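Enquirer: I need the structure of the sequence given here:
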Amino acid sequence: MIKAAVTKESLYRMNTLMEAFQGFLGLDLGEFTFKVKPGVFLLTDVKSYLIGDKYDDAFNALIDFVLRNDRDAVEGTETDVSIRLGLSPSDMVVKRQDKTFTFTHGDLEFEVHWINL
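Expert: Numbering: from 1, shown residues only. Below is the structure in question.
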């Protein structure tokens, strides 16, 4: 049901990295949720969903996931993809890797992706 997408130490800075991936997993608008943290950014699809405490145990714990791990240094499944950087065509899609994996924190399970721009 829920599936997250993230970025670590993004070269682009947040700058609304929420709108970069913008639910590249299954969100149209407002359906997406994103937590901004230094060196670790979380974009989740928790529209009508919370773990229990309004972003607790993943949606700011996956932050920890990315924070103890690193891109490539993860047990994941990488795909070559491209994402639009929030803004207009001038802010053209960048070539990035989609590192597919699962973040299992105790209460929830969701297909999370490393969206390293």
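Enquirer: Beyond whichever helix in the chain runs longest, next helix or strand please.
Expert: Assignment by DSSP state H gives helix 62-68 as the longest helix of the chain. As assigned by DSSP states H and E, the chain's next helix or strand after helix 62-68 is strand 77-83.
Enquirer: Three-state assignment for the residue located most distally from the centre of the chain, please.
Expert: Going by Cα atoms, centre = their mean, the residue of the chain most distant from its centre is residue 90, 22.5 Å out. Of the three states, residue 90 takes helix under DSSP: H, G, I helix; E, B strand; the rest coil.
Enquirer: how far away is it from residue 96?
Expert: The spacing between residue 90 and residue 96, counted by Cβ to Cβ, to the nearest Å, is 18 Å. Bear in mind the C-beta positions are built from the backbone N, C-alpha and C, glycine included.
Enquirer: Check residue 40 too.
Expert: 16 Å.
Enquirer: same thing with residue 49?
Expert: Distance, residue 49 to residue 96, by Cβ to Cβ: 26 Å.
Enquirer: Comparing the two, which shows the higher neighbour count?
Expert: Neighbour count, other Cβ atoms under 10 Å: between residue 49 and residue 96, residue 96 has more, with 23 against 14.
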